[PDB]
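Heads up, the thing below is written out as structure tokens.
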Amino acid sequence: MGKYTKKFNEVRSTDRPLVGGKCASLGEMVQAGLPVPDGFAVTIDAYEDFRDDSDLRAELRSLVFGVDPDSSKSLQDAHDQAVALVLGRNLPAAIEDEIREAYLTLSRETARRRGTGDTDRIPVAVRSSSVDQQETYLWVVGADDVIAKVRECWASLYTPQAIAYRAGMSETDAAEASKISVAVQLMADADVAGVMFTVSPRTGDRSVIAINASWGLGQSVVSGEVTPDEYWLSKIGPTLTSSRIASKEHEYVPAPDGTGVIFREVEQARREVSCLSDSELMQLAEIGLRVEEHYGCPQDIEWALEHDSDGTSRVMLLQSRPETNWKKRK
């Protein structure tokens, strides 16, 4: 059937009926040639056919429609019971196996691409996706945890707040507002990571690109636990105009078992070397231009770079927002 998961490369914008907003979002981006972490959507029908396999639907509705919406003890109660069922009832085999298979596919493809161990335990993020509250689990490892966290996502539909808000609506609306999708995406396993601005934070010059980069996970650069290398390009060209290479003393990497990060020392030989090649700056610079023309304002981008087993450098776009000062001023 194939009804329950869809790879990101195949999700379009016009798939909002089946994957929701966040996921059709990520779909248009890949489509616009913006390289977001690879993964798949768990489609709205995974949750839908779950609640329809037994009386589960009637009972959750009953619970939501039952509540004293001005009593907190009423919301707690309904929340508790609702969640127990959402994590508890049997998941239909067709749903479970497809989610399992989609994850194994991602893990094997990735282990091939990264040229790392094919151990079916690739770390992923799992994040909820309303059809029109964000739940996020990071560093999820193995098919069992993916299934477990996908269910947690479905359960977050039944917070005190979320219940109270649907308890109001017409049955139609609550049914439509109970639809959910789930995104399963690679955690980065960055060789180099960092941030990029398509405007100078300092001057508000919108004709330059600033990249701050360090070894391993972007966390060391985002949290200021390392002194990054700094590069400046002009957009016209693009032309590299300036670099400043630091002693990069620490990095974060994935934990071996994939469940967290670990802080460690960058060994001598790598500390004072430039962590981005001239071709990689140009890759990054080009993605910044794409990303900024897509959104239509200057960006503050968080990126990662992986070197694939064959050798090609692959840039991942992890997050992106308007650059704050440009925005503050405006």
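Basis: the model, the stated rules and, where named, an outside source; none is laboratory data. Cβ coordinates were reconstructed from backbone atoms using ideal geometry, including for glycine residues, and neighbour counts include every protein chain displayed.
In the range 122-133, the count of residues that are in a helix (DSSP H, G or I) and not assigned by TED's automatic domain parsing to the domain that holds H307 is zero. Here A213 meets each of (1) out of contact with any strand residue (DSSP E or B) (no Cβ under 7 Å at 6 or more places or on another chain); (2) assigned to a strand (DSSP E or B); (3) not assigned by TED's automatic domain parsing to the domain that holds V36 with one exception, condition (1).
The strands (runs of 3 or more DSSP E) found wholly in the range 250-330 and carrying at least 2 residues that are among the polar types (S, T, N, Q) and touching a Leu at 6+ places or on another chain (Cβ under 9 Å) occupy 313-322. The set of residues in the range 28-44 that are under 18 Å from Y103 (Cβ atoms) and among the β-branched types (V, I, T) comprises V36, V42, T43. Every listed requirement among (1) of a type in the set (F, W, Y); (2) over 29 Å from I95 (Cα atoms); (3) in the same structural domain as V11 (by TED's automatic domain parsing) is met by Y137 save one, (2). In the range 188-206, the residues that are closer than 30 Å to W139 by Cβ reach residues that are of a type in the set (A, V, I, L, M) and in a loop (DSSP other than H, G, I, E, B) with C-beta atoms within less than 9 angstrom, at least six apart or across chains, in these pairs: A188/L217; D189/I122; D189/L217; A190/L217; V192/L276; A193/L217; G194/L276.
Would you confirm whether or not the range 36-58 contains a residue that is in contact with a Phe, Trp or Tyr (Cβ under 9 Å, 6 or more places away or on another chain), crowded, with 20+ Cβ neighbours inside 10 Å, farther than 15 Å from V150 by Cα and small (G, A, S)? Scanning the range 36-58 turns up no residue that is in contact with a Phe, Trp or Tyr (Cβ under 9 Å, 6 or more places away or on another chain), crowded, with 20+ Cβ neighbours inside 10 Å, farther than 15 Å from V150 by Cα and small (G, A, S). The selection criterion, being charged (D, E, K, R), assigned to a strand (DSSP E or B) and surrounded by 20 or more Cβ atoms within 10 Å (Cβ to Cβ), does not hold for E230.
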